[PDB]
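Participant: quick one, structure for this:
(chains A, B, C, D, E, F, G, H and I, ligands or ions: 2)
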Amino acid sequence: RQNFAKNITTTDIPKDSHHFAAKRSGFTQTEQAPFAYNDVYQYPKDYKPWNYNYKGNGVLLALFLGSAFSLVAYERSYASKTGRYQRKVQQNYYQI
Amino acid sequence: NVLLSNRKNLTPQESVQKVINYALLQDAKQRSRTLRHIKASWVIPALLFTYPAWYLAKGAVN
Amino acid sequence: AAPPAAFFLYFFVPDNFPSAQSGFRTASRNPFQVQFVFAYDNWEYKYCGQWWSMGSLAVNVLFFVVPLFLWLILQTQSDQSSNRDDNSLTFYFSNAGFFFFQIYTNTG
Amino acid sequence: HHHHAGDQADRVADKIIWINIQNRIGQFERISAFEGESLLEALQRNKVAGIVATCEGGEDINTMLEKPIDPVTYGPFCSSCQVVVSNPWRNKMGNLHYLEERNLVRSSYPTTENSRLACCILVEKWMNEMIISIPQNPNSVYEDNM
Amino acid sequence: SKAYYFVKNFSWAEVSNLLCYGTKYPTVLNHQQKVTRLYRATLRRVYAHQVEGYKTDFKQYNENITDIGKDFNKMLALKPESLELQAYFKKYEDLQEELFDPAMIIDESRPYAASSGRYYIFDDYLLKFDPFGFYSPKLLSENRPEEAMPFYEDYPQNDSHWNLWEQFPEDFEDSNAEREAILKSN
Amino acid sequence: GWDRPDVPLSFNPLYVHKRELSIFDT
Amino acid sequence: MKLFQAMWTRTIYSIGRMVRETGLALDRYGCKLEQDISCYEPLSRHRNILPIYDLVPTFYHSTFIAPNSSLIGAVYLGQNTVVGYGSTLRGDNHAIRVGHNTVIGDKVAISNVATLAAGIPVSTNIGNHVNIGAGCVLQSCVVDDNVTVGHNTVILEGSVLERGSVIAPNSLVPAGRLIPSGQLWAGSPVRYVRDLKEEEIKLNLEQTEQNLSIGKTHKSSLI
Amino acid sequence: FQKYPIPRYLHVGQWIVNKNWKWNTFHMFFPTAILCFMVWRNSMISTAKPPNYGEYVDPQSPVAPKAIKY
Amino acid sequence: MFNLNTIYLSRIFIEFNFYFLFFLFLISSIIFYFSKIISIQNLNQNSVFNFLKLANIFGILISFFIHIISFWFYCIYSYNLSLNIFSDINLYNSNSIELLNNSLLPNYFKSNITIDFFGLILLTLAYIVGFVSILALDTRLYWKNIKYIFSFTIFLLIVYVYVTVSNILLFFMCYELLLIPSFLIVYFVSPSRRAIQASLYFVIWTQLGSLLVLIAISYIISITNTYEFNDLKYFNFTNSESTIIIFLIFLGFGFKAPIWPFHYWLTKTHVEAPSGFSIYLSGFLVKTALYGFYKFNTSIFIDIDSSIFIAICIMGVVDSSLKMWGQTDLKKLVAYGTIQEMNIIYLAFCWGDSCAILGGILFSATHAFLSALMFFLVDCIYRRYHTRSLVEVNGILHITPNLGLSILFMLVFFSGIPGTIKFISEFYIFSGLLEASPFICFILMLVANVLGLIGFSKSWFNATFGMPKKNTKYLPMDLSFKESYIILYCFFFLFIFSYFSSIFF
Ligand SMILES: Nc1ncnc2c1ncn2[C@@H]1O[C@H](COP(=O)(O)OP(=O)(O)O)[C@@H](O)[C@H]1O
Ligand code: FES
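Facilitator: Numbering: from 1, shown residues only, chains lettered A, B, ... in the order given. Ligands and ions are numbered 1, 2, ... in the order given. Below is the structure in question.
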């Protein structure tokens, strides 16, 4: 069974208390005692459960930087393979 | 200390909410203290006994 | 047919940790389904030699003699490879024990 | 069972299965048992003499007490829990398992055609007021005295 | 009526019984039940061949149904043990066999029809299911504890167990404030 | 016309398994 | 950086434990060599105050704690708070906080549950001017100020009792239930009883004050 | 078929209409066209074609088919 | 432009990755043993188990990452090494390069590290399959059996030493060392009651195979008083000894890599074992038999006809694929698929050191990932519906559709669409077999890729489609992120390893 704590310290859980009001008055001689906490979860109202709610740029930036590094590294490797300091660009290129 | 502080000037709902919040904060502090004590209990044996174990294994094998 | 009264069920080791995924909601099982689940594992033959005629004797014999048929076909095609100088069915030894892409270096 | 909300609990007296016993010394005994239990457990809880029970019922996974007997079971291990069951109940018990018969016919003391290993019996409703006899069972090993 | 004539490994005798009578075992039916069921099957087949047919003739259809009605009215008043009734049963079972079509039109309202069970209908159990509280409100307490029971957390949908120790904000002040205050007091 | 109720759950009748599933019909 | 202090504290504690054990073993060996049997005395091992490693019970000098009682773990007690004879407060799991001018009866057992849901404190909290009768059992509950609980009452986890409410003797408050302010409740499936009056509240307060005074007198006589 | 309720928790696609489908169509179509343009631009490097009308392949030219010197 | 720096990078990475893993294991073990007295879970929030879990996961991942870079180094190294001897055409010069030893750590077991392509493929498979299996064992580990969180790190260390030695004795010892952890996992972690006898079957068959291999190893060691694969180049075995050795090693390694007459243990063990260990057993453990056999097959000159071994392997394929129709348990069906493709791979090593080994090497990894995916899908179904029998669960689509989509895509990949490595391995092996034996190739192709495929597809399609009407109050939710990412990674690895360097294979 799970044994982790739920009252976290990093942030406060988003919740509302207007839903599920307690009775607290006008009790009869047969009904049960009212509940105590009654708070319910509150969603950011811009959340879509059917897709990733990802709004960052880190993944795209990392992939783009990796691809650019791959390109420049290949350029350096090709220049080194031909025994040149930089690629010698021909004046005309043809279909392979 | 919220519990020891007088709360008769509040409504019962405010008093119980204040007590609950104070209890939750103190619970979090106690949890942090216990967790760091147990972390130290984990950390000490590694520093004390990692080198003798490696010495034993190295002397056995090579 | 009346539902089975005695049949093999599921069993778990002592002090087993239950699986509690998706809220841990387990339903009652169907006796016929559980009976089918555990029937084949516990099925056994009744008398010696019952297998040969169980089903089709000719088909069972053919299944029994399959490895010999494969060996004979391989022998015939090895005859075909021998006279055409094709790849024979032998453990070829042309690398003198040197492995496929193996580092062969020295120290000192 | 079958209960409805607000119902009261049943009485243990109405759920008792009665076993009538002739001792090794010719005296009569009355024993209380319950359904879903083995005869050996009831006999040992009621402290009935004449049974040695060297192996204490056998293994714990593939036992003889499960209603369909599992094929890869090992069966009884000591054959020292023998009882003699009277004709109607013994006839209702049915034919013996081959492993149980092998252990029964191999005992050092004489047996009968009504012999039956106690740990291989699961107590049922129809076993109420069943008559059995327990002559003394043989000893096997050194630790039996300890 | 379930139209599982061909989707079960039936013999012809079972299929013929199901076509002539609404059961595989016509021996458990009364005399009147058998007569009425055979009459209904015969009329259904004649309609399927002489009204919804290829080149349908209404006059011939009326003649045939009149003759069949006369014959079945004779059949009803006979006795079950009579051989003439058995001959009538044999004749109309042969008629059902002779008009048998491997391409019968099956009404779409029948249980084993061609377009039956094309959609999975969700019951109220699935409609009211919401583990996380986006569509239906979810208590932070996760349940309402009934009396005569302890208060226990619900089993989560994902029991991963791949969790760390409790995380705290950096530079979290966690001194024993109560103990320090009391010790200062005395 | 007529206010039809929702699609009935009888559209998917539940099977009851009146007979045993033979291992020779696997 | 505080991990270093925790490591040093644990090392010091372990060295002290080693030294104490070695001393006791040497004393027992001296017993034997001397033909002494004093160290074979089977005296009671019960401790009035039992602190878990870093959880030490903390209370004022004005608190009365019976020598029969047992406070274990993190137990915090306010001023002029009395614990009766044979009571047990186990805060090994989570702390137990008791306010001031609070009376705890003789056979009261207070403990806490392992875990609870979000937003529910798992510790036990008892306010000020609170009377708890003898034989009560309390588990992870919040009791506000000026609350009286009768004898042989059971209060379960997640229960909240608001200020000024009264619980009749021989009752049970089900887990996770709220009992509103200024009301009397009775029964094992506890049920509502008519709202309290001024005279009843005054009598309850006077009885609590008299019990506190009697406890203080008993503490003074004991010393 | 007559419409029937679908549970909210299920991420299934029965009778779904997205009110913002025009912008989503735009933002799925145009980048797709750009990606396909880049793929086609890369692939035209390795595309062959027979000589046009009125042209002949000189057998002694370098582009003409070749044999192997053993 | 290849120089000494790449050589020393490769060697240092090979040795230091092992020492990284070993120091992780030692530190975690010391923390586990000295933190508490009993060394069982404390069942609270601050249990050491938590830390241990992370540690183990951490290490494997990190080691795998290092391994990847390490692996790449080897490739380049090996490539250039060949070149350094291919272009040495002058009769006066010869490649005479002698390396030094690292001054930080000692050579484990006083041996010089040597590595090959297939050994590093095996190590990579160990890393990935161990990661997947340990991810699929969180729920099984609890109070009093958390220690078995350490099993996969031990497996990694043993397989590392197995693949990085030229000592035939240490080779055999590392092969033998793998049994105790496996038996312990099946015995103490499996929830099913029938797993107690299944572990005994596993032990007895695997140990009979190990005994045969031991007899062959003792033969080789006693006849040639040496422990190096190199020295076998200077000693010749007669016809009788060669025949005895080849028969012994073939039968012994076919006990573990299940040949036709010996797969009862594998079927029982997969049916009864926990899902994570089943993933490890099909994905990686059986491959350990292919490696060792290959080595002992390549170091000896055998002058026998391989027709008997080829026939045994083909009989295994035919027998396993003909039995797929009559399976209702999905796990047993996956086990039979494992048997057929393991026998197909084992066939490729029946021609010695010829080019047939490349297809087998690739198809070993292909089967590793396919079997891991199939057993993970079976585990997901079992944890969702509490059953893995076709008569009890169907209509996995229309409720939790992601699992059904995964099943269908797994079926496609198993069928072998020409875009993946399954098609490549089939092409290799079938081209070679068609040249070696046309009618045999056609028979094997028809039996494996039609009849077995039809049975597999029937049993899997029937579970995916239908109407889940029975118990709507207990119907489960769809896949979690962990399962989705694991399945996606299996698919991605197949598709992208279809693009590996062609210098190898
Ligand atoms: N498990 C089975 N084994 C053999 N035959 C079966 C099995 N299940 C169904 N059948 C055949 O298919 C038919 C199914 O009919 P059924 O759906 O039970 O009709 P009903 O619901 O009216 O009884 C039966 O008549 C039987 O002959
Ligand atoms: S007690 Fe041993 S056989 Fe019954």
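Participant: count the neighbours of residue G:34 for me.
Facilitator: For residue G:34, the neighbour count with other C-beta atoms under 10 Å in any protein chain shown is 9. All C-beta atoms are positioned from the backbone trio N, CA, C, and that covers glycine.
Participant: and residue I:355, by the same measure?
Facilitator: For residue I:355, using other C-beta under 10 Å, the count is 14.
Participant: just residue I:179 next, same as before
Facilitator: A count of neighbours around residue I:179, defined by other C-beta under 10 Å, yields 16.
Participant: and residue E:155, by the same measure?
Facilitator: 16.
Participant: now do the closest residue to it other than its chain neighbours against residue I:292, distance only.
Facilitator: Excluding the flanking residues, the one nearest residue E:155 by C-beta to C-beta, 6 or more residues apart in numbering or on different chains is residue C:24, at 4.3 Å. Separation of residue C:24 from residue I:292 (C-beta to C-beta, to the nearest Å) stands at 44 Å.
Participant: report the separation between the residue most central in space within chain D and chain G.
Facilitator: For chain D, the residue nearest the mean C-alpha position is residue D:118 (2.4 Å; C-alpha atoms, centre = their mean). For residue D:118, the distance to chain G equals 44 Å [C-beta to the nearest C-beta, to the nearest Å].
Participant: which residues sit in contact with whatever residue of chain B ends up closest to chain F?
Facilitator: Residue nearest to chain F within chain B: residue B:13 (43.3 Å; C-beta to the nearest C-beta). With contact set as C-beta atoms under 8 Å, 6 or more residues apart in numbering or on different chains, residue B:13 has these partners: residue G:162.
Participant: list the buried ones in stretch G:56-63?
Facilitator: Residues of stretch G:56-63 classed as buried by neighbour count (16 or more other C-beta atoms under 10 Å in any protein chain shown): G:56, G:57, G:58, G:59, G:63.
Participant: quick check: longest helix of chain G.
Facilitator: Secondary structure of chain G read by DSSP state H shows that its longest helix is helix G:2-34.
Participant: are that one and chain I in contact anywhere?
Facilitator: No - shown here: helix G:2-34 not in contact with chain I (C-beta under 8 Å from any C-beta of the partner chain), separated by at least 11.6 Å.
Participant: please apply the same query to stretch H:15-29.
Facilitator: No - between stretch H:15-29 and chain I, judged by C-beta under 8 Å from any C-beta, nothing touches; the nearest distance is 13.5 Å.
Participant: how near is the one residue sitting closest to the centre of chain G to chain I?
Facilitator: The residue lying closest to the centre of chain G (C-alpha atoms, centre = their mean) is residue G:89, at 3.4 Å. For residue G:89, the distance to chain I (C-beta to the nearest C-beta) stands at 20 Å.
Participant: does that residue belong to a helix, a strand or coil?
Facilitator: Look at residue G:89: counting by DSSP: H, G, I helix; E, B strand; the rest coil, its state is strand.
Participant: for it, name its beta-bridge partners.
Facilitator: residue G:71, residue G:110 (DSSP bridges).
Participant: ok, now which ones touch it?
Facilitator: Taking C-beta under 8 Å, 6+ apart, one finds G:69, G:70, G:71, G:72, G:75, G:83, G:96, G:110 in contact with residue G:89.
Participant: ok, and the closest non-adjacent residue to whichever residue of chain D sits closest to ligand 1?
Facilitator: For chain D and ligand 1, the shortest gap (C-beta to the nearest ligand atom) falls at residue D:68, measuring 20.2 Å. Sequence neighbours aside, residue C:6 is the residue nearest to residue D:68 in space, at 5.0 Å (criterion: C-beta to C-beta, 6+ apart).
Participant: number of residues surrounding that neighbour?
Facilitator: 11.
Participant: just the one 5 residues further on next, same as before
Facilitator: Residue C:11 sits with 14 neighbouring residues when counted by other C-beta under 10 Å.
Participant: I'd guessed it sits against residue I:195; true?
Facilitator: No - if you go by C-beta atoms under 8 Å, residue C:11 and residue I:195 don't touch, sitting 10.1 Å apart.
Participant: quick one: the nearest residue to residue E:185 once chain neighbours are set aside from ligand 2, how far?
Facilitator: Excluding its sequence neighbours, the residue lying closest to residue E:185 (C-beta to C-beta, 6+ apart) is residue G:60, at 6.5 Å. Separation of residue G:60 from ligand 2 (C-beta to the nearest ligand atom, to the nearest Å): 65 Å.
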